[PDB]
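Below are the chains, spelled out letter by letter.
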Amino acid sequence: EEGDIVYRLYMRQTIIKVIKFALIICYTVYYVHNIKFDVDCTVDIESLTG
Amino acid sequence: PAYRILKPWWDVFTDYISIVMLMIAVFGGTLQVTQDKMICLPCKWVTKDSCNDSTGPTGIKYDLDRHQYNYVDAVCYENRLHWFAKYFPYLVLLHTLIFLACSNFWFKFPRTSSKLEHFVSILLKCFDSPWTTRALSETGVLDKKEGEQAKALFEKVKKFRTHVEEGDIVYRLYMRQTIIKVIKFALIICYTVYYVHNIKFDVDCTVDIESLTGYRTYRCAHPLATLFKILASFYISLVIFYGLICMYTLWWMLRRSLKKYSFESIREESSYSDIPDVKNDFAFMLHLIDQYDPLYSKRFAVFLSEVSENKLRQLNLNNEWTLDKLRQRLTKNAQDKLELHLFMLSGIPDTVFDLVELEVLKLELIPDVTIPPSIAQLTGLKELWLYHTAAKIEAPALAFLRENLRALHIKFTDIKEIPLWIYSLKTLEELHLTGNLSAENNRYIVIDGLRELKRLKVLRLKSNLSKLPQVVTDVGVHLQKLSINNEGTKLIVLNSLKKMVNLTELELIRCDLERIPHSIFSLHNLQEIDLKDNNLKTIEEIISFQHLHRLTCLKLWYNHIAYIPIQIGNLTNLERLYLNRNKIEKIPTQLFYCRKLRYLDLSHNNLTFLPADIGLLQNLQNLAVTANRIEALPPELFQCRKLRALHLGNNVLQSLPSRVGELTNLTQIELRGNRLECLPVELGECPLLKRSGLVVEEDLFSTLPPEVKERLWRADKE
Amino acid sequence: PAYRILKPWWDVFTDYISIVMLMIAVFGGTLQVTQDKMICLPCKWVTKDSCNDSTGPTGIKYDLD
Amino acid sequence: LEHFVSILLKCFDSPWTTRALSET
Amino acid sequence: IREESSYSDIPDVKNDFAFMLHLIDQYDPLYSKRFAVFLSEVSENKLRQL
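All of the points below concern the structure found in this document.

### As for the nonpolar core
Residues and elements named next belong to chain B. In this structure, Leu 482, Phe 545 and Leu 591 are the most contacted members of the largest nonpolar core, which totals 128 residues. When residues in this core are grouped by element, the largest group, 4 residues, is from helix α15 (residues 395-403). Not counting residues up to four positions away in its chain, the partners in contact with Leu 482 are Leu 459, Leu 468, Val 472, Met 500, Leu 503, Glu 505, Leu 506 and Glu 507. Counting residues in each nonpolar core, the second largest holds 81 residues, with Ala 25, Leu 64, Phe 84 and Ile 209 among its members.

### Looking at the packing of aromatic side chains
The way to describe two aromatic rings as a pair is by their centre distance and the angle between their planes. Residue and element names in this part refer to chain B. Across all of its chains, the model carries 37 aromatic pairs over all chains by this definition. Between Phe 99 and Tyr 242, the ring centres sit 5.0 Å apart and the planes meet at 80°, which makes this aromatic pair edge-to-face. Comparing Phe 99 with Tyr 242, the two get one shared label, buried. With a centroid separation of 6.4 Å and an interplanar angle of 85°, the aromatic rings of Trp 106 and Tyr 174 are classed as edge-to-face. Accessibility assignment for this pair places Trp 106 and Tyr 174 in one class, buried. Connected via pairs of aromatic rings, a cluster forms that spans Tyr 3, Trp 106, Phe 107, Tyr 171, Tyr 174 and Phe 284. Directly above the ring of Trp 45 sits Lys 44, whose terminal nitrogen or CZ lies 5.7 Å from the centroid. If you follow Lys 86 out to its NZ or CZ, it ends over the ring of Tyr 77, 5.3 Å from the centre.

### Thoughts on the layout of surface pockets
It is the rolling of a water-molecule-sized probe over the atoms that shows where space remains empty. Approximately 1200 Å³ is the volume found for the second largest pocket. Elements supplying a minimum of two residues to the lining of the second largest pocket: α1 (9-34), β1 (39-42) and α2 (66-78) of chain B together with α1 (9-34) of chain C. The biggest single contributor to the lining of the second largest pocket is α2(B), with 8 residues. Residues belonging to the lining of the second largest pocket are distributed by class as follows: 13 nonpolar, 7 polar and 8 charged.

### Let's talk about the packing of helix α4 (residues 88-108) of chain B against helix α9 (residues 225-256) of chain B
Residues and elements named next belong to chain B. As a packed pair, α4 and α9 sit with axes 12 Å apart at the nearest point and diverge in direction by 15°. Put simply, α4 runs roughly parallel to α9. Of the two possible hands of crossing, α4 and α9 adopt the one that is left-handed. Here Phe 88, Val 92, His 95 and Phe 99 of α4 lie close against α9, whose contacting residues are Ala 232, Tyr 235 and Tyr 242.

### Examining the interface of chain C and chain B
Tallying the contact residues gives 18 residues for chain C and 20 residues for chain B. In this structure, the connection of chain C to chain B is made through 0 salt bridges. Linking chain C with chain B are 4 residue pairs in polar contact. Of the residues contributing to the side of chain C that touches chain B, the split by class is 12 nonpolar, 4 polar and 2 charged.

### Quick look at the interface of chain E and chain B
On the chain B side, the residues contacting the 5 residues of chain E number 5 residues. Across the chain E to chain B interface the summed buried area is about 400 Å²; carbon plus sulfur atoms make up 55%. Counting the contacts that link chain E with chain B gives 0 salt bridges. Viewed at the interface, chain B and chain E are joined by 0 residue pairs in polar contact. The leading source of residues in the side of chain E that touches chain B is helix α3 (residues 29-36) of chain E, at 3 residues. Classifying every residue of the side of chain E that touches chain B by side-chain character gives 3 nonpolar, no polar and 2 charged.

### A look at the packing of helix α11 (residues 283-292) of chain B against helix α12 (residues 294-301) of chain B
The description of two packed helices rests on the angle between their axes and on the distance between the axes. Residues and elements named next belong to chain B. It is the contact of α11 with α12, at a shortest axis distance of 5 Å, that shows an interaxial angle of 130°. Judged by the angle between their axes, α11 and α12 are oblique. For the pair α11 and α12, contact is made by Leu 286, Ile 289, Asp 290 and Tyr 292 and by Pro 294, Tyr 296 and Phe 300, respectively. In the contact of α11 with α12, the residues fall into 6 nonpolar, no polar and 1 charged.

### Some remarks on the environment of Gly140(B)
Residues and elements named next belong to chain B. For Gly 140, the position within the fold is in the loop between α6 (130-138) and α7 (144-164). Through-space distance from the C-alpha of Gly 140 to that of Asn 495 is 58 Å; in sequence the pair is 355 residues apart. In contact with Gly 140, other than residues within four places in its own chain, are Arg 134 and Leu 315.

### Section: the sheet that holds strand β3 (residues 215-221) of chain B
Residue and element names in this part refer to chain B. Taken together, the 3 strands give an open sheet; going across it, the order is β1-β3-β2, and neighbouring strands pair in antiparallel fashion. Strand pairing shows two members of the sheet lacking a second neighbour, β1 and β2 (202-209), which therefore form its edges. Between one strand axis and the next, the sheet turns through 30° on average, direction left out of account. Both β2 and β3 contribute to a ladder of 6 bridges, which runs antiparallel.

### A word on the pattern of salt bridges
All names here are of chain B. Within the structure shown, the criterion is met by 20 salt bridges over all chains. Where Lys 158 meets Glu 309, a salt bridge forms, and the shortest distance between an N and an O atom there is 2.9 Å. In this pair, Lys 158 is assigned in helix α7 and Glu 309 in helix α13 (residues 306-320), connecting sequence segments 151 residues apart. Judged by relative accessible area, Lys 158 falls into the partly exposed class, the value being 41%. Where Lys 337 meets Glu 383, a salt bridge forms, and the shortest distance between an N and an O atom there is 3.6 Å. With a gap of 46 residues between them, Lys 337 in the loop between β4 (331-332) and β5 (338-343) and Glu 383 in strand β8 (residues 383-387) connect regions that are remote in the sequence. Of the residues examined, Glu 383 reaches a relative accessible area of 12% and is grouped as buried. What emerges from the salt-bridge pattern is a single network uniting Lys 158, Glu 309 and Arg 313.

Rules behind the numbers
- Numbers given for residues start from 1 on each chain and follow the written sequence, which can depart from the numbering in the entry; residues without coordinates are excluded.
- Whichever chain is written first becomes A and whichever ligand is written first becomes 1, with later ones labelled in order.
- Summary scope: the chains shown constitute part of a larger assembly, and all values are computed over the shown part.
- The basis for every side-chain value is the complete set of heavy atoms in the structure, and neither hydrogens nor water enter the calculation.
- Residue types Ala, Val, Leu, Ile, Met, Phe, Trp, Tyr and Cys, when buried and joined through side-chain atoms within 4.5 Å, form a set referred to as a nonpolar core.
- Note on exposure labels: buried denotes an accessible area under 20% of the residue type's maximum, exposed denotes more than 50%, and partly exposed covers the range between, all computed with a 1.4 Å probe on protein chains only.
- By the criteria applied, helices consist of DSSP H or I runs no shorter than four residues and strands consist of E runs no shorter than two, each listed in order from the N terminus.
- Between two residues, a contact is recorded if the distance between any of their heavy atoms is within 4.5 Å.
- Two aromatic rings from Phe, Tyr or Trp, using only the six-membered ring of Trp, form a pair when their centres are within 6.5 Å; if the ring planes differ by under 30 degrees the pair is stacked, by over 60 it is edge-to-face, and anything between is tilted.
- Note on criteria: charge over ring means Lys NZ or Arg CZ within 6 Å of the ring centre, with the direction from the centre no more than 35 degrees off the ring normal.
- Cavity and pocket criteria rest on a 1 Å grid covering protein atoms alone: a 1.4 Å probe that fits but cannot get out defines a cavity, protein on both sides within 12 Å along at least 5 of 7 lines defines an open pocket, and an atom within 4 Å of a point defines a lining residue.
- Grid points are joined across faces, edges and corners, and a volume is the space filled by probe spheres set on the points.
- Nonpolar residues are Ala, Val, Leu, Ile, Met, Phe, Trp, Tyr, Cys and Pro. Charged residues are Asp, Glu, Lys and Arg, and all others, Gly as well, are polar.
- Axis lines are fitted to C-alpha atoms, over the contacting stretch for helices. Their N-to-C directions set the angle, which ranges from 0 to 180 degrees.
- The cut-offs work like this: below 35 degrees is roughly parallel, past 145 is roughly antiparallel, 65 to 115 is roughly perpendicular, and the gaps in between are oblique.
- For any helix crossing, the convention is left-handed if the near helix is rotated counterclockwise from the far helix by under a right angle, and right-handed if that rotation is clockwise.
- Definition used for salt bridges: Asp or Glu carboxyl oxygen within 4 Å of a side-chain nitrogen of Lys or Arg.
- Under the rule applied, a polar contact is a pair of N or O atoms within 3.5 Å (in protein, one hydrogen donor and one hydrogen acceptor; residues adjacent in sequence only if both atoms are side-chain atoms).
- Buried area: the accessible area, evaluated with a 1.4 Å probe, that two parts lose upon being put together, summed over both parts.
- Two strands pair if DSSP finds at least two bridges between them.

Okay, here's the thing in structure tokens:
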């Protein structure tokens, strides 16, 4: 009757799951479009290849 | 098996973190193995051992074979690349392994493993017991089996406590373990953080091999540097978390000082105070189990209490003694009263009180007794004897005893064995106290409350008393018999005894009085007097006993009396007279005015002959003159027609007169210890005599006629 | 199951050491198998069966397959 | 060995032992 | 143990049964103690009486 520990932990657990969910949706969708097949890159090594 | 209970939460976190560390270790290792590449090229223009870094463009031509690139790769990988970037995952793997070894060592180490498995086995079989939950529920009738289970369990716990108390091995090893983990933590943080920045993607290396290639310097690239860098950051983060957990554990353990388990909370709460505190190597286990679940501590603590054990003893004792067994153990005593005598038990079996016919209860040397209400079943109880047994009681049983008791005997060492409630009683008729009734500067405080015992008809005290208590003479309105056995301690009477007008029998025994006091003459109702061991030499004062018309018995043995005063002839109502074991030289004839005498005992005096006046005891029935030096009996002895027993053995008789034939009612006679050669035939003339009753040596007995012996044979079985 | 009692502590340590030894054995074995390489080159100038060790630089040509 | 340890465990597990030891 | 618990009538052990006891002693002396009781003849006599 006295404890009240299980409810608190399950509460915190659910909250952590939800906030983590939101974060991963956020940055995943923000950065997903950057994947591409072809890329142009300028690396600046003249001495080794020209 | 069920060692989950041992492991605390921090141990759990350490375990899973170790698994994760091992996972990333294996991953980095296999990644290193499956590709192990570095990509090198030369540098044409050199400035300070480094690259100068100075119509479409065209590719550069170095004129090298594919295999030479691999050679220079291997060389620059071997030499100039830094060892940490090579051997990171191997080291991590090693570290994880030695963490886990430190973790599971004290389980796998046998000397402690035995103690642990034994401990937890005891704990689980204790927790599963039913009597535990009963005892806790308490805050009937039980099975024989589980009682013995519990008893065996108690002793198991006791020997186990004795066995574990000395060691202190587990605590030391756990201490060493934690310390190793912490110092190793610190070291790995140190050099890992010191060397982590050395990992780089690009490396310039000058190896000095001109002959094989003709180039001095090289620029090389290491693809996996970035990945190992992030893994190392992640690694040290996990490691930091691990070490903080270990530090918390260490701080807790060193702060708390666990060698003594305080235990005070349950004994304050549940009111089981008689449990000692715990010593080293058995407290630590309890601290751990407390960290897991406090309930098992409480469930285990119950067996440590002795009160619980005493109650369990009472329960087995109530369980064991069956009624049928007790019924056969009972005894019907000399007064035709059913009695039970018990000694040296742990308490009172409750099965006692269903023996409804019981009339006397005796308790001897039984500690911490409480009288239960079931005593109301013993409707016929009349006596209770408490020998060194203090007794508590509550009101219902108390009321039953107030209304249904006649006598109380107490044998005690001091006041602590005196129940205070006895003075609230009302139907008591006898009180018997054995022990000193007084304390320093507190004479007779123990008995101040006697006034409430308004029905006491007999008091006897054997208490080494200097004086007669005032309270006795105050209660003397209704007291009928008082008896003091003082064991030679001088008693002071001092004028109070005169108030006891109702007294009918007085015994002032072993009080070293040395003279019969004159207060006795006012006690006109006295029937019997006994003056054991008062060194009495002359008893002339008995003249004033002539007014005690019911005086029938005078008991003066083992004194120094030299002669019988003549006035004895005026005590015409005497029935019993004992003057044996004295120094008497002659018999006055005046004794034989007491013609209602039945019993006279003059054995062990200095008598030579019996006067003819012995014929005057017309009411004599039994007589002992044993162990004097009488040679022959006067004829007038046989004028006492009513004789039934004559004890004359162990004298120096030379002949037995024939007139023994006249004793019709003789059934018992002593002639043993004489130098007779035969017996007179007239012994056969006694009708009521039997073979068992003719008490004489067998060789002398054989001299009788066979016909007499046949009639004796017939007489016995009839 | 029941033979734990027979084994003393030193036997236990021997067992776990043997496990570790076998582990490193298997690892070295598979490592040898999966790459089994050595990388050789010639040496142009020889002195006592050993290398003499004697406009930008240019790569050397041995003309080998 | 298996026979020996069987004897040993059933001796340790025997009920008479705890009485025999408790008497001292 | 025979000096301590006062069961003197146990002989010393010979080869191939002593060695086992030494091993069990190295594991835990307690099993050796609990096993030692049955060797005594006093144990048999007392159980007969009981």
